[PDB]
Protein chains: 4
Amino acid sequence: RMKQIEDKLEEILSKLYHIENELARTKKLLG
Amino acid sequence: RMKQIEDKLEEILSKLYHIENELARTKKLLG
Amino acid sequence: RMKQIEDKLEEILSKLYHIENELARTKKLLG
Amino acid sequence: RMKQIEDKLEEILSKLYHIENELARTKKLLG
């Protein structure tokens, strides 16, 4: 199923945004 | 081929969970 | 739906290039 | 095409390994 693929894509993308949000912080803790 | 795409999907997910965790020890050690 | 899957693919790729670059300034600033 | 999807998956995965390799370093620069 293609919808299944898309869906796992959506979740894959989610994780990258969260990963982007923990770099923002790590960047900040290091001023 | 879907069993493939499907495998690589979870493989992709599994490494984003590892990367998320790697970044999560850095950011605490940093704290 | 393929145009979707295909979009989200490049969207996924584009953020991994950003994350790679974020991590790349950290690691030099660190140096 | 499914093969196209797979292929972008392969490259997506590539980037995550490289991303794993620049955390290894950033981790090390911070002892």
# chains A, B, ... in the order shown; residues from 1 in each chain; ligands from 1

call {"tool": "residues_around", "arguments": {"residues": "residue 11 in chain B", "least_positions_apart": "2", "cutoff": "12 Å", "atoms": "only C-alpha atoms", "output": "list in words"}}
result
residues 8 and 12 of chain A; 4, 5, 6, 7, 8, 9, 13, 14, 15, 16, 17 and 18 of chain B; 9, 10, 12, 13, 14, 16 and 17 of chain D

call {"tool": "calpha_fit_and_write", "arguments": {"fixed": "chain C", "moving": "chain B", "output": "PDB file with N, CA, C and O atoms, in the first residue's frame"}}
result
ATOM      1  N   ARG B   1      -1.197  10.764  -5.097  1.00  0.00           N
ATOM      2  CA  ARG B   1      -0.635  10.159  -3.892  1.00  0.00           C
ATOM      3  C   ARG B   1       0.786   9.922  -4.165  1.00  0.00           C
ATOM      4  O   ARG B   1       1.569  10.087  -3.318  1.00  0.00           O
ATOM      5  N   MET B   2       1.168   9.562  -5.349  1.00  0.00           N
ATOM      6  CA  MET B   2       2.582   9.564  -5.587  1.00  0.00           C
ATOM      7  C   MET B   2       3.150  10.952  -5.645  1.00  0.00           C
ATOM      8  O   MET B   2       4.286  11.293  -5.473  1.00  0.00           O
ATOM      9  N   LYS B   3       2.338  11.854  -5.911  1.00  0.00           N
ATOM     10  CA  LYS B   3       2.943  13.200  -6.004  1.00  0.00           C
ATOM     11  C   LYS B   3       3.214  13.729  -4.639  1.00  0.00           C
ATOM     12  O   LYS B   3       4.181  14.513  -4.432  1.00  0.00           O
ATOM     13  N   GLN B   4       2.311  13.346  -3.740  1.00  0.00           N
ATOM     14  CA  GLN B   4       2.533  13.394  -2.331  1.00  0.00           C
ATOM     15  C   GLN B   4       3.825  12.751  -1.763  1.00  0.00           C
ATOM     16  O   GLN B   4       4.425  13.389  -1.008  1.00  0.00           O
ATOM     17  N   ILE B   5       3.946  11.423  -1.858  1.00  0.00           N
ATOM     18  CA  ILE B   5       4.994  10.553  -1.376  1.00  0.00           C
ATOM     19  C   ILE B   5       6.263  11.192  -1.907  1.00  0.00           C
ATOM     20  O   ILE B   5       6.922  11.793  -1.193  1.00  0.00           O
ATOM     21  N   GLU B   6       6.428  11.211  -3.218  1.00  0.00           N
ATOM     22  CA  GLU B   6       7.411  12.137  -3.819  1.00  0.00           C
ATOM     23  C   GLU B   6       7.675  13.555  -3.271  1.00  0.00           C
ATOM     24  O   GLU B   6       8.789  13.983  -3.345  1.00  0.00           O
ATOM     25  N   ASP B   7       6.731  14.231  -2.698  1.00  0.00           N
ATOM     26  CA  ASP B   7       6.963  15.565  -2.116  1.00  0.00           C
ATOM     27  C   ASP B   7       7.549  15.587  -0.713  1.00  0.00           C
ATOM     28  O   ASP B   7       8.243  16.617  -0.188  1.00  0.00           O
ATOM     29  N   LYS B   8       7.226  14.514  -0.083  1.00  0.00           N
ATOM     30  CA  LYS B   8       7.468  14.417   1.271  1.00  0.00           C
ATOM     31  C   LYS B   8       8.821  13.815   1.282  1.00  0.00           C
ATOM     32  O   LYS B   8       9.506  14.041   2.187  1.00  0.00           O
ATOM     33  N   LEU B   9       9.174  12.963   0.307  1.00  0.00           N
ATOM     34  CA  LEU B   9      10.475  12.545   0.109  1.00  0.00           C
ATOM     35  C   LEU B   9      11.482  13.677   0.007  1.00  0.00           C
ATOM     36  O   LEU B   9      12.489  13.733   0.703  1.00  0.00           O
ATOM     37  N   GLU B  10      11.219  14.644  -0.833  1.00  0.00           N
ATOM     38  CA  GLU B  10      12.175  15.698  -0.952  1.00  0.00           C
ATOM     39  C   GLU B  10      12.160  16.619   0.194  1.00  0.00           C
ATOM     40  O   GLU B  10      13.108  17.444   0.427  1.00  0.00           O
ATOM     41  N   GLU B  11      10.999  16.710   0.821  1.00  0.00           N
ATOM     42  CA  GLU B  11      10.945  17.422   2.053  1.00  0.00           C
ATOM     43  C   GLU B  11      11.803  16.831   3.231  1.00  0.00           C
ATOM     44  O   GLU B  11      12.459  17.523   3.904  1.00  0.00           O
ATOM     45  N   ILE B  12      11.750  15.540   3.333  1.00  0.00           N
ATOM     46  CA  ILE B  12      12.616  14.728   4.153  1.00  0.00           C
ATOM     47  C   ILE B  12      14.009  14.915   3.784  1.00  0.00           C
ATOM     48  O   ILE B  12      14.820  15.124   4.707  1.00  0.00           O
ATOM     49  N   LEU B  13      14.307  15.043   2.512  1.00  0.00           N
ATOM     50  CA  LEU B  13      15.753  15.184   2.128  1.00  0.00           C
ATOM     51  C   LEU B  13      16.238  16.471   2.403  1.00  0.00           C
ATOM     52  O   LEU B  13      17.289  16.661   2.904  1.00  0.00           O
ATOM     53  N   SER B  14      15.459  17.482   2.145  1.00  0.00           N
ATOM     54  CA  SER B  14      15.794  18.806   2.481  1.00  0.00           C
ATOM     55  C   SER B  14      16.006  19.102   3.845  1.00  0.00           C
ATOM     56  O   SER B  14      16.874  19.831   4.197  1.00  0.00           O
ATOM     57  N   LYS B  15      15.276  18.508   4.736  1.00  0.00           N
ATOM     58  CA  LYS B  15      15.665  18.681   6.185  1.00  0.00           C
ATOM     59  C   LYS B  15      16.802  17.912   6.654  1.00  0.00           C
ATOM     60  O   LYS B  15      17.338  18.245   7.587  1.00  0.00           O
ATOM     61  N   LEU B  16      17.091  16.766   6.047  1.00  0.00           N
ATOM     62  CA  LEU B  16      18.347  16.140   6.439  1.00  0.00           C
ATOM     63  C   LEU B  16      19.526  16.945   5.914  1.00  0.00           C
ATOM     64  O   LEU B  16      20.424  17.003   6.484  1.00  0.00           O
ATOM     65  N   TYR B  17      19.505  17.572   4.753  1.00  0.00           N
ATOM     66  CA  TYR B  17      20.562  18.521   4.421  1.00  0.00           C
ATOM     67  C   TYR B  17      20.576  19.618   5.466  1.00  0.00           C
ATOM     68  O   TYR B  17      21.643  19.990   5.884  1.00  0.00           O
ATOM     69  N   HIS B  18      19.471  20.221   5.871  1.00  0.00           N
ATOM     70  CA  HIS B  18      19.608  21.275   6.959  1.00  0.00           C
ATOM     71  C   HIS B  18      20.239  20.716   8.236  1.00  0.00           C
ATOM     72  O   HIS B  18      21.104  21.260   8.739  1.00  0.00           O
ATOM     73  N   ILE B  19      19.896  19.493   8.626  1.00  0.00           N
ATOM     74  CA  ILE B  19      20.383  18.997   9.850  1.00  0.00           C
ATOM     75  C   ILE B  19      21.756  18.701   9.680  1.00  0.00           C
ATOM     76  O   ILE B  19      22.594  19.030  10.496  1.00  0.00           O
ATOM     77  N   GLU B  20      22.141  18.075   8.550  1.00  0.00           N
ATOM     78  CA  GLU B  20      23.562  17.997   8.389  1.00  0.00           C
ATOM     79  C   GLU B  20      24.397  19.277   8.512  1.00  0.00           C
ATOM     80  O   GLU B  20      25.527  19.301   9.038  1.00  0.00           O
ATOM     81  N   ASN B  21      23.918  20.388   7.961  1.00  0.00           N
ATOM     82  CA  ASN B  21      24.551  21.650   8.094  1.00  0.00           C
ATOM     83  C   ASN B  21      24.557  22.263   9.481  1.00  0.00           C
ATOM     84  O   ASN B  21      25.506  22.916   9.903  1.00  0.00           O
ATOM     85  N   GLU B  22      23.423  22.162  10.133  1.00  0.00           N
ATOM     86  CA  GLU B  22      23.380  22.547  11.596  1.00  0.00           C
ATOM     87  C   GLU B  22      24.463  21.843  12.328  1.00  0.00           C
ATOM     88  O   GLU B  22      25.357  22.488  12.767  1.00  0.00           O
ATOM     89  N   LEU B  23      24.546  20.482  12.313  1.00  0.00           N
ATOM     90  CA  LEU B  23      25.584  19.766  12.970  1.00  0.00           C
ATOM     91  C   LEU B  23      26.995  20.128  12.571  1.00  0.00           C
ATOM     92  O   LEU B  23      28.043  19.951  13.404  1.00  0.00           O
ATOM     93  N   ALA B  24      27.093  20.804  11.425  1.00  0.00           N
ATOM     94  CA  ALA B  24      28.438  21.117  10.795  1.00  0.00           C
ATOM     95  C   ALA B  24      28.997  22.401  11.236  1.00  0.00           C
ATOM     96  O   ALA B  24      30.187  22.366  11.592  1.00  0.00           O
ATOM     97  N   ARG B  25      28.167  23.436  11.400  1.00  0.00           N
ATOM     98  CA  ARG B  25      28.539  24.611  12.237  1.00  0.00           C
ATOM     99  C   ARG B  25      28.812  24.255  13.730  1.00  0.00           C
ATOM    100  O   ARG B  25      29.771  24.670  14.279  1.00  0.00           O
ATOM    101  N   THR B  26      28.043  23.438  14.385  1.00  0.00           N
ATOM    102  CA  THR B  26      28.415  23.045  15.737  1.00  0.00           C
ATOM    103  C   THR B  26      29.641  22.500  15.709  1.00  0.00           C
ATOM    104  O   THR B  26      30.521  23.122  16.309  1.00  0.00           O
ATOM    105  N   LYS B  27      29.911  21.611  14.772  1.00  0.00           N
ATOM    106  CA  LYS B  27      31.237  20.946  15.041  1.00  0.00           C
ATOM    107  C   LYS B  27      32.384  21.785  14.717  1.00  0.00           C
ATOM    108  O   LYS B  27      33.455  21.399  14.975  1.00  0.00           O
ATOM    109  N   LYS B  28      32.235  22.956  14.105  1.00  0.00           N
ATOM    110  CA  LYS B  28      33.402  23.825  13.861  1.00  0.00           C
ATOM    111  C   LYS B  28      33.616  24.928  14.866  1.00  0.00           C
ATOM    112  O   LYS B  28      34.655  25.105  15.354  1.00  0.00           O
ATOM    113  N   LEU B  29      32.605  25.742  15.133  1.00  0.00           N
ATOM    114  CA  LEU B  29      32.500  26.465  16.315  1.00  0.00           C
ATOM    115  C   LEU B  29      33.167  25.597  17.495  1.00  0.00           C
ATOM    116  O   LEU B  29      34.207  26.026  17.986  1.00  0.00           O
ATOM    117  N   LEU B  30      32.634  24.468  17.897  1.00  0.00           N
ATOM    118  CA  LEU B  30      33.432  23.508  18.724  1.00  0.00           C
ATOM    119  C   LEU B  30      34.862  23.363  18.494  1.00  0.00           C
ATOM    120  O   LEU B  30      35.518  23.494  19.394  1.00  0.00           O
ATOM    121  N   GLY B  31      35.366  23.256  17.291  1.00  0.00           N
ATOM    122  CA  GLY B  31      36.807  23.417  17.022  1.00  0.00           C
ATOM    123  C   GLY B  31      37.498  24.775  17.236  1.00  0.00           C
ATOM    124  O   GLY B  31      38.460  25.108  16.564  1.00  0.00           O
TER     125      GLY B  31
END
